[PDB]
């Protein structure tokens, strides 16, 4: 229930241990006033300092002027910080505004069209995003709600996604969670303690070409539907063949333990792990940080289930793009469909109480 420090060279919510719940929102900007937008970022940063410490925004949730609406909407009163992190990102479409065209990072690449894509344009893109992660879903919603409230008239929510449970791990010492296909998901990821691997694969560096992004990262979000009727009638051997690990232990095929190293030549040529492994992609490595979702029924008598896939990397051109290109023959494709997509540049951390979100860009 403890707090995650908000200040740092990097934003929390990336290398941070993966919290239980996600409320992810993408925002479109509705003002053309750069000064008004900078004021918003500063106001949002101040609110984030309160929210991530478990305090109410502004002057609080009650005890103010009776005839005024309260500063904070109040539904998190008496709750712990619950490991809340708030991570902000800037979308490519943002750089068409406030004269930022020449500051768009080269590493903020538009994604190509991939085979099988069925992207809903309404639930894709966005000028900016806020990823709210916490162990208490009420804490995460409260944070999104109050940020949106503070930004009224300057930003509007384009789309949002709740994740009811994590399907990722940045802490290999703790149990690996399972996704809705029933397999452990997160075994060979980057751990928050592997400082050298994060510098190598996750954090943007000064020499990479965009100085304001130094210490930031790049985020790919993909909303992925799972064909669970199709999956649930597949045999056990089929399911394990698709991945190359067994279902129970999550060990690489042939081996005894989850964390034994995969021997790829023992997996089928189209097994997901074989195709996604860094060794199959010239070393490309990702920090996966996704969550499961379910949005009611599909109107056809079945549950609607999916995975909200999130990957952080140092350069989208060298991370998600080559790996996803290599998944064109993935056996898993028979069971999933990508239906939403967005990329963001995640700026560096808020250094101290005088700093603010996006200060190095603006």
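Residue numbers count along the first chain shown, from 1. So that the term is clear: the rigid core is the largest set of C-alpha atoms that superpose within 1.5 Å between two forms.
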Higher-deviation stretch (C-alpha RMS, rigid core fit) in 7 other deposited structures of this protein, choosing from 137 to 145 and 166 to 174 = 166 to 174
task = Once the rigid core is lined up, would you tell me whether 54 to 62 or 294 to 302 has the higher RMS CA deviation in 7 other deposited structures of this protein?
result = 294 to 302
inquiry  = Regarding 202 to 210 and 221 to 229, which shows the higher C-alpha temperature factor on average in the entry?
reply    = 202 to 210
message = So, looking at the entry's B-factor column for Cα atoms, which has the higher mean, 250 to 258 or 105 to 113?
response = 105 to 113
message = Can you tell me which of 263, 152, 291, 243 has the maximum CA B-factor listed in the PDB entry?
response = 152
query = Whose C-alpha has the highest temperature factor in the PDB entry: 136, 75, 71, 185?
reply = 71
request  = Give the position of residue 332 by CA B-factor within its chain, expressed as the lowest, middle or highest third.
outcome  = lowest
inquiry  = Using only modelled residues of the chain, where does the Cα B factor of residue 315 rank: lowest third, middle third or highest third?
reply    = lowest
query = Going by the entry, which third of its chain does the Cα temperature factor of residue 145 land in?
reply = lowest
key: Lowest, middle or highest third - CA B-factor, residue 57   = middle
key: Assigned third (lowest, middle, highest) for the C-alpha B factor of residue 95   = highest
